[PDB]
């Protein structure tokens, strides 16, 4: 019989594996010919939309989540390479570093705090959808640096709050073992979207 603790530990274990697998994917993605990379603006907003779409009470399996992590890692190279090119490759380390401690701190707080943050659910969904709208607008009417920097600040706040919220709800809600992959999937998309936002912000800032 599972405990709240074991279920949490299993979700976090899967989550860490998704990060490792995405990193392998990122490494492979460097070998994709430029003429076979999707446009930056399309990839950036695709991850936001995926963050929304994958947030369902539907039991996806480990195969989907791990494969998703592998392929999204491959497809995130053009984003990493773009911001590296305008600001140096060190900004990739900076962005990852910041994303890591933010997730680590907010996830720990969310999972340990007594307050139930469920009321945030509708606010957060609206916010991510708003980020999606702007990301789509950006495709057809490119935002300038100042606007894109402000876009990344909002996104940073939204996904940082989602990390606090997600770990909190994993503790507070009834999470069965079959929901383990989909929970880790949401954490992975929290991480990658926060990373994209911070990468973009710091990239543009030091460009």
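Take the two forms, superpose them, and find the largest set of C-alpha atoms that agree within 1.5 Å; that set is the rigid core. Residue numbers count along the first chain shown, from 1.
Enquirer: Compare 26-34 with 156-164 and report which one shows the larger root mean square C-alpha deviation from this form in 4 other deposited structures of this protein once the rigid core is superposed.
Expert: Result of the core-fitted comparison in 4 other deposited structures of this protein: 26-34 deviates more.
Enquirer: Between 178-186 and 52-60, report the one with more C-alpha displacement in 4 other deposited structures of this protein relative to this form after a rigid core superposition.
Expert: After the core superposition, the stretch with higher RMS deviation in 4 other deposited structures of this protein is 52-60.
Enquirer: Per the entry, where is the mean C-alpha temperature factor higher: 140-148 or 63-71?
Expert: Between 140-148 and 63-71, it is 140-148.
Enquirer: On average, are the C-alpha B-factors higher in 124-132 or in 86-94?
Expert: Looking at the record's C-alpha B-factors, the answer is 86-94.
Enquirer: By the CA temperature factor listed in this entry, which of these ranks top: 167, 34, 158, 46?
Expert: Of the candidates given, the C-alpha B-factor peaks at 34.
Enquirer: Quick one: classify residue 180 as lowest, middle or highest third of the chain based on its Cα B-factor.
Expert: Middle third by C-alpha B-factor.
Enquirer: Report the third (lowest, middle or highest) to which the CA temperature factor of residue 102 belongs, ranking only the modelled residues of the same chain.
Expert: Lowest third, going by the recorded CA B-factors of the chain.
Enquirer: State the tercile, meaning the lowest, middle or highest third, of residue 54 with respect to the CA B-factors recorded for its chain.
Expert: According to the entry, residue 54 has a C-alpha B-factor in the chain's middle third.
Enquirer: Which third of the chain does residue 38 land in by C-alpha B-factor: lowest, middle or highest?
Expert: Within its chain, residue 38 is a highest-third residue by C-alpha B-factor, going by the deposited values.
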